[PDB]
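Coordinates as given in coords-v6.pdb (PDB, N, CA and C atoms):
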ATOM      1  N   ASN A 550      -4.607 -18.396   4.015
ATOM      2  CA  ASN A 550      -3.299 -18.496   3.315
ATOM      3  C   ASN A 550      -2.983 -17.174   2.573
ATOM      4  N   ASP A 551      -1.673 -16.919   2.348
ATOM      5  CA  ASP A 551      -1.166 -15.718   1.632
ATOM      6  C   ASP A 551       0.345 -15.863   1.343
ATOM      7  N   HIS A 552       0.880 -14.938   0.524
ATOM      8  CA  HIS A 552       2.320 -14.868   0.197
ATOM      9  C   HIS A 552       2.767 -13.390   0.210
ATOM     10  N   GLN A 553       3.449 -12.972   1.287
ATOM     11  CA  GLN A 553       4.009 -11.609   1.394
ATOM     12  C   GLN A 553       5.381 -11.562   0.709
ATOM     13  N   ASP A 554       5.429 -10.838  -0.413
ATOM     14  CA  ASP A 554       6.637 -10.692  -1.245
ATOM     15  C   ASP A 554       7.688  -9.789  -0.583
ATOM     16  N   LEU A 555       8.952 -10.015  -0.982
ATOM     17  CA  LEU A 555      10.124  -9.353  -0.396
ATOM     18  C   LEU A 555      10.270  -7.928  -0.941
ATOM     19  N   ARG A 556      10.717  -7.040  -0.052
ATOM     20  CA  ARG A 556      10.902  -5.611  -0.342
ATOM     21  C   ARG A 556      12.397  -5.247  -0.211
ATOM     22  N   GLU A 557      12.986  -4.755  -1.316
ATOM     23  CA  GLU A 557      14.353  -4.184  -1.352
ATOM     24  C   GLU A 557      14.350  -2.891  -2.209
ATOM     25  N   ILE A 558      15.544  -2.364  -2.544
ATOM     26  CA  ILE A 558      15.666  -1.059  -3.224
ATOM     27  C   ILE A 558      15.332  -1.196  -4.735
ATOM     28  N   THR A 559      14.103  -0.792  -5.103
ATOM     29  CA  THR A 559      13.615  -0.775  -6.493
ATOM     30  C   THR A 559      12.655   0.423  -6.674
ATOM     31  N   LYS A 560      13.096   1.422  -7.462
ATOM     32  CA  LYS A 560      12.308   2.644  -7.763
ATOM     33  C   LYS A 560      11.657   2.553  -9.165
ATOM     34  N   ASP A 561      11.573   1.318  -9.708
ATOM     35  CA  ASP A 561      10.901   1.035 -10.990
ATOM     36  C   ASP A 561       9.401   1.315 -10.856
ATOM     37  N   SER A 562       8.860   2.139 -11.774
ATOM     38  CA  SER A 562       7.491   2.670 -11.683
ATOM     39  C   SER A 562       6.433   1.544 -11.598
ATOM     40  N   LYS A 563       6.622   0.450 -12.380
ATOM     41  CA  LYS A 563       5.680  -0.701 -12.409
ATOM     42  C   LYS A 563       5.652  -1.385 -11.023
ATOM     43  N   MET A 564       6.853  -1.622 -10.455
ATOM     44  CA  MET A 564       7.022  -2.238  -9.115
ATOM     45  C   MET A 564       6.396  -1.356  -8.020
ATOM     46  N   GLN A 565       6.494  -0.030  -8.211
ATOM     47  CA  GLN A 565       5.878   0.953  -7.310
ATOM     48  C   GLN A 565       4.346   0.905  -7.432
ATOM     49  N   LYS A 566       3.837   0.638  -8.650
ATOM     50  CA  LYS A 566       2.386   0.502  -8.909
ATOM     51  C   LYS A 566       1.832  -0.794  -8.298
ATOM     52  N   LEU A 567       2.682  -1.842  -8.214
ATOM     53  CA  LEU A 567       2.332  -3.098  -7.512
ATOM     54  C   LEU A 567       2.191  -2.818  -6.004
ATOM     55  N   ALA A 568       3.175  -2.065  -5.478
ATOM     56  CA  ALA A 568       3.211  -1.616  -4.076
ATOM     57  C   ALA A 568       1.967  -0.764  -3.734
ATOM     58  N   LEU A 569       1.652   0.183  -4.639
ATOM     59  CA  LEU A 569       0.498   1.089  -4.508
ATOM     60  C   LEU A 569      -0.820   0.317  -4.612
ATOM     61  N   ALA A 570      -0.870  -0.703  -5.493
ATOM     62  CA  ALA A 570      -2.087  -1.515  -5.713
ATOM     63  C   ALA A 570      -2.465  -2.263  -4.430
ATOM     64  N   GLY A 571      -1.501  -3.034  -3.898
ATOM     65  CA  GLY A 571      -1.709  -3.812  -2.673
ATOM     66  C   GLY A 571      -2.029  -2.927  -1.476
ATOM     67  N   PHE A 572      -1.403  -1.727  -1.447
ATOM     68  CA  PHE A 572      -1.729  -0.664  -0.482
ATOM     69  C   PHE A 572      -3.212  -0.269  -0.610
ATOM     70  N   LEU A 573      -3.636   0.090  -1.838
ATOM     71  CA  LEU A 573      -4.980   0.644  -2.117
ATOM     72  C   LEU A 573      -6.103  -0.330  -1.725
ATOM     73  N   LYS A 574      -5.858  -1.636  -1.911
ATOM     74  CA  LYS A 574      -6.806  -2.684  -1.494
ATOM     75  C   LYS A 574      -6.837  -2.817   0.040
ATOM     76  N   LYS A 575      -5.641  -3.039   0.660
ATOM     77  CA  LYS A 575      -5.534  -3.347   2.107
ATOM     78  C   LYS A 575      -6.151  -2.232   2.968
ATOM     79  N   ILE A 576      -6.179  -0.968   2.422
ATOM     80  CA  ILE A 576      -6.788   0.220   3.087
ATOM     81  C   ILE A 576      -8.142  -0.136   3.729
ATOM     82  N   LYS A 577      -8.994  -0.825   2.942
ATOM     83  CA  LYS A 577     -10.403  -1.070   3.305
ATOM     84  C   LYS A 577     -10.547  -1.941   4.582
ATOM     85  N   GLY A 578      -9.509  -2.749   4.891
ATOM     86  CA  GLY A 578      -9.512  -3.633   6.068
ATOM     87  C   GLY A 578      -8.291  -3.454   6.966
ATOM     88  N   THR A 579      -7.643  -2.273   6.911
ATOM     89  CA  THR A 579      -6.500  -1.944   7.805
ATOM     90  C   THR A 579      -6.709  -0.558   8.447
ATOM     91  N   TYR A 580      -5.921  -0.285   9.507
ATOM     92  CA  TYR A 580      -5.981   0.966  10.295
ATOM     93  C   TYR A 580      -5.647   2.202   9.430
ATOM     94  N   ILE A 581      -4.853   1.992   8.348
ATOM     95  CA  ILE A 581      -4.418   3.069   7.427
ATOM     96  C   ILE A 581      -5.625   3.870   6.865
ATOM     97  N   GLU A 582      -6.794   3.197   6.661
ATOM     98  CA  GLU A 582      -8.056   3.872   6.245
ATOM     99  C   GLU A 582      -8.369   5.050   7.186
ATOM    100  N   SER A 583      -8.343   4.764   8.508
ATOM    101  CA  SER A 583      -8.568   5.770   9.562
ATOM    102  C   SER A 583      -7.606   6.953   9.398
ATOM    103  N   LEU A 584      -6.306   6.645   9.214
ATOM    104  CA  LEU A 584      -5.246   7.675   9.096
ATOM    105  C   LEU A 584      -5.522   8.619   7.905
ATOM    106  N   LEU A 585      -5.886   8.022   6.763
ATOM    107  CA  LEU A 585      -6.114   8.748   5.500
ATOM    108  C   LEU A 585      -7.369   9.656   5.589
ATOM    109  N   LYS A 586      -8.406   9.145   6.271
ATOM    110  CA  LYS A 586      -9.678   9.866   6.510
ATOM    111  C   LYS A 586      -9.487  11.074   7.463
ATOM    112  N   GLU A 587      -8.824  10.824   8.610
ATOM    113  CA  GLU A 587      -8.615  11.823   9.687
ATOM    114  C   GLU A 587      -7.653  12.939   9.228
ATOM    115  N   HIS A 588      -6.536  12.519   8.612
ATOM    116  CA  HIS A 588      -5.468  13.428   8.130
ATOM    117  C   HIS A 588      -5.822  14.051   6.764
ATOM    118  N   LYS A 589      -6.933  13.567   6.146
ATOM    119  CA  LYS A 589      -7.473  14.070   4.858
ATOM    120  C   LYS A 589      -6.475  13.846   3.703
ATOM    121  N   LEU A 590      -5.785  12.700   3.768
ATOM    122  CA  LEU A 590      -4.824  12.254   2.745
ATOM    123  C   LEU A 590      -5.567  11.696   1.512
ATOM    124  N   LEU A 591      -6.773  11.135   1.740
ATOM    125  CA  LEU A 591      -7.716  10.786   0.656
ATOM    126  C   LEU A 591      -8.640  12.004   0.385
TER
END
Please rewrite the model in this file as structure tokens.
Amino acid sequence: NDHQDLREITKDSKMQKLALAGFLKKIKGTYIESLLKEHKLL
């Protein structure tokens, strides 16, 4: 089970930190980890 929240136009720093948080976790079990390692983004 899960709940994927809706995305619209919001440049509020806290909302961006929520976006960044969920990003930072999902990295460990998504293809994006590979991209960040290979492209040296991390």
Taking every listed atom of stretch 553-567 of chain A and adding 6 Å to each side, what centre and edge lengths in Å (one decimal) does the axis-aligned box have, as lines of an AutoDock Vina configuration file?
center_x = 8.7
center_y = -5.2
center_z = -5.5
size_x = 25.8
size_y = 27.6
size_z = 25.8
In Å to one decimal, how far is atom N of residue A:550 from atom N of residue A:586?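 Atom N of residue A:586 sits 27.9 Å away from atom N of residue A:550.
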Running DSSP on the backbone, which parts of chain A land in helix (DSSP H, G or I), as a ChimeraX atom specification? /A:562-578,581-587
Point-to-point distance in Å for atom C of residue A:590 and atom CA of residue A:565: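 These two atoms are separated by 18.0 Å.
Put simply, atom CA of residue A:556 is 27.2 Å away from atom N of residue A:587.
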